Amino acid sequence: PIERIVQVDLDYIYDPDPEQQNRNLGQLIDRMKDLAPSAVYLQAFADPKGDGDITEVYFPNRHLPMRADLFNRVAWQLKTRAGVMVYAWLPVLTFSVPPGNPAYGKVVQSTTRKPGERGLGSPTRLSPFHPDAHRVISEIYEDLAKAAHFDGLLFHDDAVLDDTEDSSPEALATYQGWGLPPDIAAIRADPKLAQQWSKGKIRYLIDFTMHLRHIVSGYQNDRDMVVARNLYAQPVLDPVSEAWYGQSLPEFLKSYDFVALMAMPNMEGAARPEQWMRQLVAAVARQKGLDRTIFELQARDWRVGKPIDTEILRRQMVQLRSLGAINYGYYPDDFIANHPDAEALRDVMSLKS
């Protein structure tokens, strides 16, 4: 079994001119037919500002405005014309519902964070410990399942909690239920409690995504609903950092069909990108995770706003192959600018590899 995946932004397809939008879609379909990946991870939410404040999505639903009714038709065209599997890529927590929504303002709190700033996680993450936020997110996933036909779910990288979160009253009450004091200062001060708390939050988020899976699978009438989740590299390279990510490679491997590991040394600011990738693969191997870890590479340098040379991307794929990491893919597909170069990547993205 081999996965070769392409993650695709509907933000790149969308255009206020529906005829331009159609031309955009056409270019995507042609590239995916040519490249023939195992799966496309398809954005179901809108994030055109790139700040992770998700006020709109691309499917009809009860809670958020629709930017365009686009996910269902792109998913169907990918499936039927390009012959690929399609995963719905959706946030776990970040839904900026309108005022008057029951979940409005029921967000993840931090003991130290102030207004007007953020850490890795978005300030807009709804608290999965709050019953109204829990239900609203559940209903958004239900509405996705009603609105479109797809083969899997990719749970987004927005599902993070740091070591000062979640400090909201509902979260504290949940920690008390785990046998911890409802007091993050007290938890953090005791290394044993701090470890238990970190692992507890990791499992809580995973369990929440399993709840969402159950909702979607019931509606897709499909027990074979495959799930993947984005995993940051730092918890893999340095597992102590689980405590301020709320993610874990061993726990992910136990719970998801695939782990979408963000193998992106450029984004990470790696001084020695080849060594970095070598160490990342070794870490995954050490956890016996190569069979279900997808090394998701970056095709764009988002910080400087430039495509990454396709030859650099291919060299990363060849390096992965040489190390026995046979599942991989890239994000994003810039189908309008023909980047990455499909001709150059075809041989390594082929499922005969």
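Residue numbers run from 1 along the displayed sequence.
- Stretches compared: 213 to 221, 177 to 185. Higher mean C-alpha B-factor in the entry: 213 to 221.
- Of the two segments examined, 262 to 270 and 149 to 157, it is 262 to 270 that shows the higher average Cα temperature factor in the deposited entry.
- The top Cα temperature factor in the record, among 317, 285, 70, 42, falls on 285.
- When the C-alpha B factors of 128, 239, 200, 121 are read from the deposited coordinates, the top value falls at 239.
- Looking at the C-alpha B-factors along this chain, the one for residue 132 belongs to the middle third.
- In the deposited entry, the Cα temperature factor of residue 82 sits in the top third of values across the chain's modelled residues.
- In the deposited entry, the Cα temperature factor of residue 171 places it in the middle third of its chain's modelled residues.
- Sorting the modelled residues of the chain by their CA temperature factor places residue 106 in the middle third.
- In the PDB entry, a CA B factor belonging to the lowest third of its chain's modelled residues is recorded for residue 333.
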